[PDB]
>>> print(open('start_28.txt').read())   # compact mmCIF, C-alpha atoms (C1' of nucleotides)
# COMPACT_ATOMS: atom_id res chain seq x y z
CA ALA A 14 7.20 -28.85 16.77
CA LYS A 15 10.79 -28.77 15.39
CA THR A 16 10.90 -25.34 13.65
CA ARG A 17 11.47 -22.69 16.36
CA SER A 18 9.32 -20.12 14.57
CA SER A 19 6.40 -22.46 15.06
CA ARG A 20 7.16 -22.97 18.76
CA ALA A 21 6.68 -19.19 19.00
CA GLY A 22 3.89 -19.25 16.45
CA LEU A 23 5.38 -17.21 13.65
CA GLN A 24 6.23 -16.64 10.06
CA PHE A 25 9.58 -14.77 10.79
CA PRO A 26 12.80 -16.66 10.84
CA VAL A 27 13.93 -17.42 14.27
CA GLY A 28 17.28 -18.79 13.56
CA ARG A 29 18.23 -16.82 10.44
CA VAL A 30 17.86 -13.64 12.48
CA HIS A 31 19.91 -15.18 15.33
CA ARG A 32 22.98 -15.69 13.09
CA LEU A 33 22.54 -12.17 11.57
CA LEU A 34 22.90 -10.90 15.20
CA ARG A 35 26.31 -12.68 15.43
CA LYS A 36 27.64 -11.64 11.96
CA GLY A 37 26.95 -8.02 12.80
CA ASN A 38 29.43 -7.73 15.64
CA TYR A 39 26.75 -6.06 17.76
CA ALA A 40 27.98 -7.95 20.81
CA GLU A 41 29.83 -10.66 22.67
CA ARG A 42 26.66 -12.79 23.68
CA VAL A 43 23.33 -13.28 21.72
CA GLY A 44 20.11 -13.65 23.75
CA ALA A 45 17.74 -16.45 23.52
CA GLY A 46 14.32 -15.05 23.00
CA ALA A 47 15.63 -11.74 21.75
CA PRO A 48 15.93 -13.08 18.38
CA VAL A 49 12.24 -14.08 18.36
CA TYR A 50 10.98 -11.03 19.96
CA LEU A 51 12.72 -8.98 17.35
CA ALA A 52 11.55 -11.14 14.49
CA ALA A 53 8.05 -10.93 15.63
CA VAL A 54 8.25 -7.17 16.01
CA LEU A 55 9.20 -6.43 12.51
CA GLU A 56 6.67 -8.86 11.55
CA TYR A 57 4.08 -6.55 12.94
CA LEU A 58 5.58 -3.50 11.43
CA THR A 59 5.64 -5.08 8.04
CA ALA A 60 2.13 -5.98 8.46
CA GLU A 61 1.26 -2.64 9.76
CA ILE A 62 2.64 -1.05 6.61
CA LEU A 63 1.60 -3.86 4.38
CA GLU A 64 -1.91 -3.74 5.63
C1' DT B 1 -54.93 15.04 -96.99
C1' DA B 2 -56.15 16.45 -92.30
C1' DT B 3 -58.75 14.95 -87.97
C1' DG B 4 -60.63 12.11 -84.71
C1' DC B 5 -60.87 6.96 -83.59
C1' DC B 6 -58.85 1.33 -82.77
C1' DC B 7 -54.35 -1.55 -81.33
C1' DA B 8 -49.55 -2.02 -79.26
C1' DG B 9 -45.43 0.03 -76.22
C1' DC B 10 -41.90 1.38 -72.53
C1' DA B 11 -41.61 4.17 -68.27
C1' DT B 12 -44.12 6.54 -64.62
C1' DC B 13 -45.82 5.30 -59.50
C1' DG B 14 -46.76 2.13 -55.95
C1' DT B 15 -46.81 -2.61 -53.39
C1' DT B 16 -45.15 -8.07 -52.26
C1' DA B 17 -42.02 -11.52 -51.87
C1' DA B 18 -37.37 -13.99 -52.16
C1' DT B 19 -32.31 -13.26 -51.40
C1' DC B 20 -27.29 -11.72 -50.08
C1' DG B 21 -25.43 -9.51 -46.47
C1' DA B 22 -24.72 -6.83 -42.07
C1' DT B 23 -25.73 -6.64 -36.89
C1' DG B 24 -26.79 -8.62 -32.32
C1' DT B 25 -26.58 -12.80 -29.31
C1' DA B 26 -25.50 -17.19 -27.41
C1' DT B 27 -22.57 -21.81 -26.89
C1' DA B 28 -19.24 -25.28 -26.53
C1' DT B 29 -13.83 -25.34 -28.07
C1' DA B 30 -8.92 -24.28 -29.07
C1' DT B 31 -5.06 -20.81 -27.73
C1' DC B 32 -2.34 -17.25 -24.26
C1' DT B 33 0.00 -15.93 -20.02
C1' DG B 34 0.63 -16.19 -15.49
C1' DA B 35 1.19 -18.49 -12.66
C1' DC B 36 1.35 -21.08 -7.23
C1' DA B 37 2.03 -25.97 -5.49
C1' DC B 38 5.15 -30.22 -5.91
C1' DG B 39 9.19 -32.85 -6.74
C1' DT B 40 13.58 -32.77 -8.76
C1' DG B 41 18.59 -31.87 -7.12
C1' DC B 42 22.02 -29.91 -3.86
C1' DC B 43 24.30 -26.30 0.33
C1' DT B 44 24.68 -25.70 4.59
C1' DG B 45 23.16 -21.92 6.96
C1' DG B 46 20.33 -23.21 10.73
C1' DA B 47 18.91 -26.71 14.30
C1' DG B 48 20.21 -29.92 17.69
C1' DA B 49 23.09 -31.41 21.51
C1' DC B 50 26.84 -30.77 25.08
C1' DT B 51 30.36 -28.14 27.52
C1' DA B 52 32.86 -24.43 29.91
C1' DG B 53 33.32 -20.30 31.51
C1' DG B 54 32.62 -15.75 32.73
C1' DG B 55 28.85 -12.27 32.77
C1' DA B 56 25.29 -10.91 35.21
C1' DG B 57 22.00 -11.77 39.24
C1' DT B 58 21.65 -10.84 43.95
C1' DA B 59 22.63 -9.83 48.28
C1' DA B 60 25.03 -6.78 52.03
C1' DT B 61 27.36 -2.56 53.26
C1' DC B 62 28.58 2.43 52.62
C1' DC B 63 28.52 7.26 52.17
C1' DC B 64 27.92 10.62 49.00
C1' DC B 65 24.58 13.50 46.82
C1' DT B 66 20.33 15.19 46.37
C1' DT B 67 16.44 17.48 48.54
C1' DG B 68 14.66 20.56 52.36
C1' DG B 69 13.85 23.91 55.55
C1' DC B 70 14.73 28.43 56.59
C1' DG B 71 15.25 33.66 56.24
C1' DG B 72 17.86 38.97 54.00
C1' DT B 73 19.22 41.27 51.10
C1' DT B 74 18.61 42.99 46.83
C1' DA B 75 18.01 42.35 41.91
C1' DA B 76 14.46 41.11 39.21
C1' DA B 77 9.77 40.64 37.52
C1' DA B 78 5.62 43.36 37.09
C1' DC B 79 2.87 47.71 35.72
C1' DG B 80 1.59 51.03 34.03
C1' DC B 81 1.78 55.39 30.85
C1' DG B 82 2.78 57.49 26.69
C1' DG B 83 3.80 58.19 22.30
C1' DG B 84 6.41 57.10 18.38
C1' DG B 85 7.29 54.00 14.16
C1' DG B 86 6.62 49.94 12.28
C1' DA B 87 2.75 46.72 10.63
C1' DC B 88 -0.64 46.29 7.43
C1' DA B 89 -3.86 47.56 3.87
>>> encode(input="start_28.txt", output="structure tokens")
Amino acid sequence: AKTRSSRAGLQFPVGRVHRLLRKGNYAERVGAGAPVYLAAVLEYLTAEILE
DNA sequence: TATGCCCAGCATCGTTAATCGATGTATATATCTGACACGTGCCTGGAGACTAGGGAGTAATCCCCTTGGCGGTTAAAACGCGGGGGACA
């Protein structure tokens, strides 16, 4: 698969959330599966609420 | 001439049948709006690939801090008793 989201099996945007973690000054280095983890998390929450 | 008798004459009641119209019920067609999927076009904000560097991992040593044990006084917790004054109706 090309799309990252799909390599991690998800609907949430892997790379759009990565950049948002660099345009928010939150820190000097951005982690590699953080982004995903985080995307996926919210994903659940949304669901949880949206369910 | 007046009084019972013959011959029409429309409205009284009821019943039958045809007709215009309303109500109920399909049945295939022509709008209405609200789309969600696709292709149109374009931006680049992500992906992809490579590099370089310094953070963070780990490992090896140190030594400070935290836990422990103990026993003596000495205040504190514990108890009760009693009755007043605040809660509650």
>>> axis_aligned_box(input="start_28.txt", around="region 31-49 of chain A", padding_each_side="3 Å", output="lines of an AutoDock Vina configuration file")
center_x = 21.0
center_y = -11.3
center_z = 17.7
size_x = 23.6
size_y = 16.4
size_z = 18.2
>>> closest_residue(input="start_28.txt", among="B:47, B:17, B:38, B:11", to="chain A", atoms="all atoms listed in the file")
B:47
>>> residues_around(input="start_28.txt", residues="region 32-39 of chain A", least_positions_apart="3", cutoff="9 Å", atoms="only C-alpha atoms (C1' of nucleotides)", output="compact mmCIF listing (two decimals) with C-alpha atoms (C1' of nucleotides), in the coordinates of the input")
# COMPACT_ATOMS: atom_id res chain seq x y z
CA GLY A 28 17.28 -18.79 13.56
CA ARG A 29 18.23 -16.82 10.44
CA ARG A 42 26.66 -12.79 23.68
CA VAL A 43 23.33 -13.28 21.72
CA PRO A 48 15.93 -13.08 18.38
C1' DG B 45 23.16 -21.92 6.96
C1' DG B 46 20.33 -23.21 10.73
>>> atom_distance(input="start_28.txt", atom1="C1' of residue 50 (chain B)", atom2="CA of residue 24 (chain A)")
29.2 Å
>>> closest_residue(input="start_28.txt", among="B:82, B:71, B:57, B:48", to="chain A", atoms="all atoms listed in the file")
B:48
>>> build_atoms(input="start_28.txt", residues="region 30-47 of chain A", atoms="N, CA and C atoms", output="mmCIF file, keeping the file's coordinate frame")
data_model
loop_
_atom_site.group_PDB
_atom_site.id
_atom_site.type_symbol
_atom_site.label_atom_id
_atom_site.label_comp_id
_atom_site.auth_asym_id
_atom_site.auth_seq_id
_atom_site.Cartn_x
_atom_site.Cartn_y
_atom_site.Cartn_z
ATOM 1 N N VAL A 30 17.634 -14.880 11.764
ATOM 2 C CA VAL A 30 17.860 -13.640 12.480
ATOM 3 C C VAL A 30 18.827 -13.851 13.638
ATOM 4 N N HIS A 31 18.923 -14.975 14.328
ATOM 5 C CA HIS A 31 19.910 -15.180 15.330
ATOM 6 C C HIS A 31 21.368 -15.043 14.855
ATOM 7 N N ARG A 32 21.631 -15.697 13.717
ATOM 8 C CA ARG A 32 22.980 -15.690 13.090
ATOM 9 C C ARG A 32 23.319 -14.269 12.634
ATOM 10 N N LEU A 33 22.338 -13.564 12.062
ATOM 11 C CA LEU A 33 22.540 -12.170 11.570
ATOM 12 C C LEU A 33 22.918 -11.269 12.753
ATOM 13 N N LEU A 34 22.587 -11.695 13.977
ATOM 14 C CA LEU A 34 22.900 -10.900 15.200
ATOM 15 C C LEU A 34 24.313 -11.246 15.678
ATOM 16 N N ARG A 35 24.939 -12.252 15.058
ATOM 17 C CA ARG A 35 26.310 -12.680 15.430
ATOM 18 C C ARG A 35 27.293 -12.260 14.331
ATOM 19 N N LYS A 36 26.784 -12.049 13.113
ATOM 20 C CA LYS A 36 27.640 -11.640 11.960
ATOM 21 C C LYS A 36 27.626 -10.116 11.836
ATOM 22 N N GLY A 37 27.021 -9.426 12.810
ATOM 23 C CA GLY A 37 26.950 -8.020 12.800
ATOM 24 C C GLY A 37 27.723 -7.274 13.893
ATOM 25 N N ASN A 38 28.483 -8.108 14.598
ATOM 26 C CA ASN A 38 29.430 -7.730 15.640
ATOM 27 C C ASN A 38 28.739 -7.057 16.840
ATOM 28 N N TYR A 39 27.464 -6.758 16.742
ATOM 29 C CA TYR A 39 26.750 -6.060 17.760
ATOM 30 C C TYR A 39 27.076 -6.512 19.199
ATOM 31 N N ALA A 40 27.349 -7.787 19.509
ATOM 32 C CA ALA A 40 27.980 -7.950 20.810
ATOM 33 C C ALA A 40 28.568 -9.329 21.087
ATOM 34 N N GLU A 41 29.233 -9.431 22.219
ATOM 35 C CA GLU A 41 29.830 -10.660 22.670
ATOM 36 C C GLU A 41 28.850 -11.805 22.938
ATOM 37 N N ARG A 42 27.651 -11.601 23.503
ATOM 38 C CA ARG A 42 26.660 -12.790 23.680
ATOM 39 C C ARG A 42 25.270 -12.491 23.075
ATOM 40 N N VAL A 43 24.641 -13.474 22.382
ATOM 41 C CA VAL A 43 23.330 -13.280 21.720
ATOM 42 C C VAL A 43 22.279 -13.989 22.589
ATOM 43 N N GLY A 44 21.164 -13.268 22.815
ATOM 44 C CA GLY A 44 20.110 -13.650 23.750
ATOM 45 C C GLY A 44 19.172 -14.672 23.161
ATOM 46 N N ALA A 45 18.311 -15.257 23.994
ATOM 47 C CA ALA A 45 17.740 -16.450 23.520
ATOM 48 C C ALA A 45 16.344 -16.184 22.956
ATOM 49 N N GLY A 46 15.665 -15.302 23.622
ATOM 50 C CA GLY A 46 14.320 -15.050 23.000
ATOM 51 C C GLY A 46 14.327 -13.689 22.421
ATOM 52 N N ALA A 47 15.444 -13.003 22.414
ATOM 53 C CA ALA A 47 15.630 -11.740 21.750
ATOM 54 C C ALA A 47 15.288 -11.913 20.314
#
